[PDB]
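Atom set for the values below is all heavy atoms of this structure, side chains included, hydrogens, waters and symmetry mates excluded. Counting begins at 1 with the first residue of the sequence.
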Amino acid sequence: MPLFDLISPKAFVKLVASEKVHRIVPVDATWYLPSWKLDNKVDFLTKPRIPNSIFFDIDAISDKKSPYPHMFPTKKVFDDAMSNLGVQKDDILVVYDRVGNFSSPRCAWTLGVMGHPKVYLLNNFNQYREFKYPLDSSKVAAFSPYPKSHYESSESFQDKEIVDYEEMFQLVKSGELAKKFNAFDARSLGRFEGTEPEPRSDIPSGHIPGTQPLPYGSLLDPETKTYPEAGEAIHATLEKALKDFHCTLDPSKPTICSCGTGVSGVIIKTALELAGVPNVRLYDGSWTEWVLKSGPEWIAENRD
């Protein structure tokens, strides 16, 4: 039972066109690196969206109480968000973002993890726009065109989907992380290697011992940022990424994805699941939490 399926623009419009039962709520989960000086909210409101889109605020729909970035939202924050956005349980949520499988996977995954029955990750809005799929180019003054709903996650899959620090640390402390898991870090190789800084000032780069660099971009088409198609394409991409970054993905091991903050970790997590890699979890705390909770002792550099 996939937490969300990728959906191509064509499959999406097919889905929309064919849908007789379920509301299809595209979910713009656009979130930008602050470095980009873009405004995801303004972009949602004022840049073309997939018709009937809600905006999924990656930032707001997170554990903002956590000292760690992009921490999975609490059930309440999530439900309230969904409610606020008028998301109904029955909605087919089709998540996209303006970047290209950047925050949308995180979002699709969040929706999925929070047990939303039907969640698609549009793969992706870039291609959707490139190929002129239906855009609501109207400027809106709402992050949702839908009346507030009473959305309540009946089930969630954090346990199956999110590696907590405790487990991450134990796995690493026990030196069993690499043994028991394919542990991939979606951050740049440079950040993984500690050769390049974390986008955070309080956090040195480097990696969790036992993890491997799988920079999320390696798993997306370089220009369109689409996930390669399931099957040969994603496998070719995945194996190439694994080759390029001298990584192992043991099909017998479950997988942990992490990154700096847990957002791009879902990008690769999604790519891995797309590639049919089973039991991929996101170390949501990711590198940031890792560093903050573990200290410099638990920071591996290069490929250590």
Side-chain angles (χ1 to χ4, degrees), residues 29-41 56-74 77-78 81 95 97-114 121 158 161-169 172 183-194 196-208 211-220 225 255-272 280-296 298-300:
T30 295
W31 176 92
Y32 295 128
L33 292 183
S35 61
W36 300 338
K37 293 194 298 195
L38 298 181
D39 190 317
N40 61 338
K41 283 163 75 178
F56 184 101
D57 195 329
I58 286 297
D59 293 324
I61 317 168
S62 63
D63 190 1
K64 299 204 283 204
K65 290 182 173 64
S66 173
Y68 320 113
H70 304 303
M71 290 312 290
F72 201 79
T74 63
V77 162
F78 180 80
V95 183
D97 62 28
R98 297 176 182 283
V99 176
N101 290 316
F102 185 67
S103 52
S104 58
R106 170 78 189 195
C107 170
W109 171 78
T110 300
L111 295 170
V113 170
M114 285 313 295
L121 177 59
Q158 295 92 325
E161 288 288 322
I162 298 172
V163 197
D164 290 344
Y165 174 76
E166 182 170 41
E167 188 187 349
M168 276 307 287
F169 187 67
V172 174
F184 298 107
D185 196 307
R187 292 172 299 143
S188 66
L189 177 61
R191 286 169 66 189
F192 181 92
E193 287 180 345
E196 292 183 329
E198 284 304 294
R200 289 184 60 106
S201 49
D202 57 332
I203 305 307
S205 57
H207 60 274
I208 304 166
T211 59
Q212 301 173 76
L214 199 53
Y216 73 88
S218 73
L219 297 185
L220 300 179
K225 306 304 178 190
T255 295
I256 295 168
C257 293
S258 60
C259 47
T261 63
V263 291
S264 72
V266 180
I267 301 170
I268 63 164
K269 172 179 190 298
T270 299
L272 300 180
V280 188
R281 288 181 303 155
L282 178 84
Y283 170 32
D284 189 24
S286 279
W287 183 241
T288 300
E289 184 202 43
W290 181 259
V291 166
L292 285 174
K293 283 189 174 174
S294 309
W298 292 108
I299 296 177

J.: Can you sort out the partners of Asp97 under salt bridge (charged side-chain N to carboxylate O under 4.0 Å, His left out), two or more places apart, ordered by chain and number?
T.: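 In terms of salt bridge (charged side-chain N to carboxylate O under 4.0 Å, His left out), with neighbours along the sequence ignored, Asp97 is linked to no residue.
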J.: Distance to the ring centre below 6.0 angstrom and angle to the axis at most 45 degrees; does that hold for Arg187 and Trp287?
T.: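 Judged by the rule, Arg187 and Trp287 form a cation-pi pair.
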J.: For the residue pair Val95 and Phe56, establish whether any side-chain heavy-atom pair is separated by less than 4.5 Å.
T.: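 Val95 does not reach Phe56 side chain to side chain.
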J.: Apply the test side-chain contact (heavy atoms from CB on, under 4.5 Å) to residues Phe78 and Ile61: give CA-CA distance (whole Å), side-chain angles for both, the deciding distance (0.1 Å), then the verdict.
T.: CA-CA 6 Å; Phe78 180 80; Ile61 317 168; 4.0 Å; yes
J.: May I ask you to decide if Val291's main-chain N or O and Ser294's side chain share a donor-acceptor pair within less than 3.5 Å?
T.: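 Looks like no, no N/O pair under 3.5 Å.
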J.: With a 4.5 Å cut-off on side-chain heavy atoms, are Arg200 and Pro69 touching?
T.: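 They are in side-chain contact.
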J.: Quick check: closest heavy atoms across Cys259 and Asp185, and the distance to 0.1 Å?
T.: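 In terms of heavy atoms, the two residues are closest at CA-OD1, 3.3 Å.
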J.: Measuring only between side-chain heavy atoms, which start at C-beta, is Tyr165 closer than 4.5 Å to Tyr68?
T.: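 The answer is no; the side chains never approach within 4.5 Å.
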J.: Is it the case that more than 12 heavy atoms not belonging to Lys293 sit under 6.0 Å from its NZ atom?
T.: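 Atom NZ in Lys293 is crowded, with more than 12 foreign heavy atoms closer than 6.0 Å.
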J.: Working to the nearest 0.5 angstrom, can you tell me the gap between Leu33 CG and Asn40 CG?
T.: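 Between atom CG of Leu33 and atom CG of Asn40 there are 11.0 Å.
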J.: Locate the shortest heavy-atom distance separating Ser205 from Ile299; write the atom from each residue and the value.
T.: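 What the structure gives for the nearest pair is O-CG2, 3.2 Å.
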J.: Rounded to the nearest 0.5 Å, what separates atom OG in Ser218 from atom CG in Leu189?
T.: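 Between atom OG of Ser218 and atom CG of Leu189 there are 10.0 Å.
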J.: From the options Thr211, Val280, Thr270, select the one residue that forms a side chain to side chain contact (heavy atoms under 4.5 Å, CB included) with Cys257.
T.: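 Of all the options given, the one that passes is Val280.
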J.: I need the single residue from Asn101, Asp284, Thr261 that forms a side-chain hydrogen bond (donor to acceptor under 3.5 Å, both in side chains) with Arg106. Which is it?
T.: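 Considering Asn101, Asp284, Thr261, a side-chain hydrogen bond (donor to acceptor under 3.5 Å, both in side chains) with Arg106 is found only for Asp284.
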J.: Would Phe102 and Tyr216 count as a close aromatic pair, with their ring centres under 6.0 Å?
T.: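 Centroid distance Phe102-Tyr216: below 6.0 Å, so yes.
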J.: With rounding to the nearest 0.5 angstrom, report the OG1 to CD distance, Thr74 to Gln158.
T.: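 Going from OG1 on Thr74 over to CD on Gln158, the span is 9.5 Å.
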J.: Is any side-chain heavy atom of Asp164 less than 4.5 Å from a side-chain heavy atom of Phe169?
T.: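 Answer no - side chains too far apart.
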J.: Within the distance-only criterion (no hydrogens, no angle test), does the side chain of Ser103 pair as donor or acceptor with the backbone N or O of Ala29 below 3.5 angstrom?
T.: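 Present.
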J.: Just so I know, are the side chains of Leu219 and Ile267 near enough to count as touching, which here means a heavy-atom distance under 4.5 Å?
T.: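 A side-chain contact under 4.5 Å is absent here.
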J.: Check whether any side-chain heavy atom of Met114 sits under 4.5 Å from a side-chain heavy atom of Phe72, and report yes or no.
T.: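 Counting from C-beta outward, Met114 and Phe72 do come under 4.5 Å.
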J.: For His70, is there any backbone N or O sitting under 3.5 Å from a side-chain donor or acceptor partner on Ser62?
T.: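 A pair under 3.5 Å: no.
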J.: Working to the nearest 0.5 angstrom, can you tell me the gap between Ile162 CD1 and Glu167 CD?
T.: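 With rounding to 0.5 Å, CD1 (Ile162) is 11.5 Å from CD (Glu167).
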J.: Going by the rule side-chain contact (heavy atoms from CB on, under 4.5 Å), which residues pair with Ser188 if we only count those two or more places apart in sequence or in a different chain?
T.: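 Expected list: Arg191, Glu196.
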J.: If you take all heavy atoms of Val77 and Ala60, which pair is closest and at what distance?
T.: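 Minimum heavy-atom separation between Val77 and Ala60: CG1-O, 3.5 Å.
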J.: Quick check: closest heavy atoms across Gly100 and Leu220, and the distance to 0.1 Å?
T.: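 Scanning both residues, the minimum pair turns out to be O-CD1, 3.7 Å.
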J.: Using ring pair (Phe, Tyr, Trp, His ring centres under 6.0 Å) as the criterion, list what pairs up with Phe192, not counting sequence neighbours.
T.: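 With neighbours one apart ignored, the set is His207.
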J.: Rounded to the nearest 0.5 Å, what's the gap from NZ on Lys41 to OG1 on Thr30? Could you check?
T.: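 It is 13.5 Å, given to the nearest 0.5 Å.
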J.: Show the nearest heavy-atom pair for residues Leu282 and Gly265, with the distance to one decimal.
T.: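 Minimum heavy-atom separation between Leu282 and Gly265: CD1-C, 3.3 Å.
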J.: On a heavy-atom basis, which atom in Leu214 and which in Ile268 lie closest, and how many Å separate them?
T.: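 It is O-CG2, 3.2 Å.
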J.: Roughly how far apart are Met168 CE and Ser258 OG, rounded to 0.5 Å?
T.: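 Here the rounded value is 5.5 Å.
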J.: Taking side chain as C-beta onward, heavy atoms only, is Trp36 less than 4.5 Å from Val99?
T.: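 SC-SC contact between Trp36 and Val99 confirmed.
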